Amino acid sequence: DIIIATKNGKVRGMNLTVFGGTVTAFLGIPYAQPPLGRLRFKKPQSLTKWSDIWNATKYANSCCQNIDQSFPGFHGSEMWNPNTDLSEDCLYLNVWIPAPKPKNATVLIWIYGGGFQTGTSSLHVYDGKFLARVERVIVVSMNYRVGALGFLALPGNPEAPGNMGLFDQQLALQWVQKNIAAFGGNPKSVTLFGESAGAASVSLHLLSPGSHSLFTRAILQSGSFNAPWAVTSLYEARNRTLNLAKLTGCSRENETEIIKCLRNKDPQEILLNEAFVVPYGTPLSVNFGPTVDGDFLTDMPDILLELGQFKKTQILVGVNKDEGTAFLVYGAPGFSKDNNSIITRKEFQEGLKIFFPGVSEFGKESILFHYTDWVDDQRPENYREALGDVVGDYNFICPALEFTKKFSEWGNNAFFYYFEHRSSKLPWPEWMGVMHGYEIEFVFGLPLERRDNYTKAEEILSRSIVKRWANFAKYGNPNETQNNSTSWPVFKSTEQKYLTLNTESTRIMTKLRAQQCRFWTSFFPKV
């Protein structure tokens, strides 16, 4: 019988068969009192103790969230939809441990993305058993509150303070510190990693003092806090909380009365009004996300970075080649997943209007001008690729590069990667390229499963990324082998070397898309 004694009581797990060996799995361990009733919108409350044995043998409930239903039956979009029931009772975590039991394993903790509005740790692409089997690390992931139930903010008010979903994550990290030794993990060797809003979350734990003693190293995939979507100003957060109150008939004079009113509403009455709390709305809108709450974040994150007030440790950071394309088929004119989506200069200008609602007419011309110096005048698909790159550079790539510069300047080793391989099983059309979120299955080792129809090249690539990721956690260096491997060099603010990741050739290169990013860093803020 697979039983571990945690500080909150005993828990029962299950054995998995993975590549001729065994992986012990504890799925659905609770780490907080269910944020129910009068606990809605509050920070996670600590668990006391249960007598008996909690059965950690199935994934738990996913947190309440809206579902993506733009393309019914389509794997591409539905693979991101939650695969367990939805409920406010959702603060559980998972633990994968190598067999035979380890004695001081390094721990990898996964934080999922989803625009801070969606996502769940139980998706197939986040399965930690491969990493545990192959690289002998412990893998932990947690469900955290997303949307208004996770990030609703009345700053200074303990009844609805902001950043609850971030404290949810933080409490799960506290759980690992207190309990992972019992499973065979080393609490002094803990690495956070995550993608997109998960990577922005990871970069925020770097800034937040309360998290600093709860992990060792950090990995940021396709996200950072300095992204234009990641953080709301204090008062923009409050104005959306008030707008949501108006939409549900919870407008009051007293703040606490507003919250006590919102506490009576059905979760679904809240979910259906989240879209409307912001005038504009682009496919990258974050209705309810992190804000400067005065607690988890004691200042605007760019300030804390600039002043060098963050955790001093090693980071691994990177981005995909086509971060932007995914967002174009959810709004922009002329774009479909069922077309080659070849568009005109006019449609391009409409596309820009969708993504930059508040920008002047001159400003949109600027963007257009910078991204139309064609190598070949036609090339019919020039404009389609231009829009994809505009959205990708501004929202993901250039911020990740800028965060890494600034972070590296305070004396810790950083490593930057450029992921260029398109998955052979990618359900989306080819014109969308190496999409946002489609390096994840390579990081979790899914191509190592030969029963799954991946290419041999893809198993090699995945096995390589897995080795480097796990090695970074253990040694602060993403080496593969000492011999017969490309040296991954540190990212320094002067030379700015990065490593590209694909099946053809992993090369060392410099100043990734500097000509593009120069626009966003040095001209766009002045429009």
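The first residue of the shown sequence is 1; numbering continues from there.
As listed in the deposited structure, the average C-alpha B-factor of 292-300 and of 196-204 is greater for 292-300. Here 249-257 and 149-157 are compared by their mean Cα B-factor, and 249-257 comes out higher. Out of 171, 457, 231, 317, the entry records its largest CA B-factor for 457.
Taking the deposited Cα B-factors for 421, 406, 450, 212, the highest one is held by 450.
Ranked against the other modelled residues of its chain, the C-alpha B-factor of residue 395 as given in the entry falls in the lowest third. Sorting the modelled residues of the chain by their CA temperature factor places residue 26 in the middle third.
Sort the chain's modelled residues by C-alpha temperature factor and residue 425 lands in the highest third, per the entry. Ranked against the other modelled residues of its chain, the C-alpha B-factor of residue 189 as given in the entry falls in the middle third.
Among the modelled residues of its chain, residue 508 has a C-alpha B-factor that falls in the middle third according to the deposited record.
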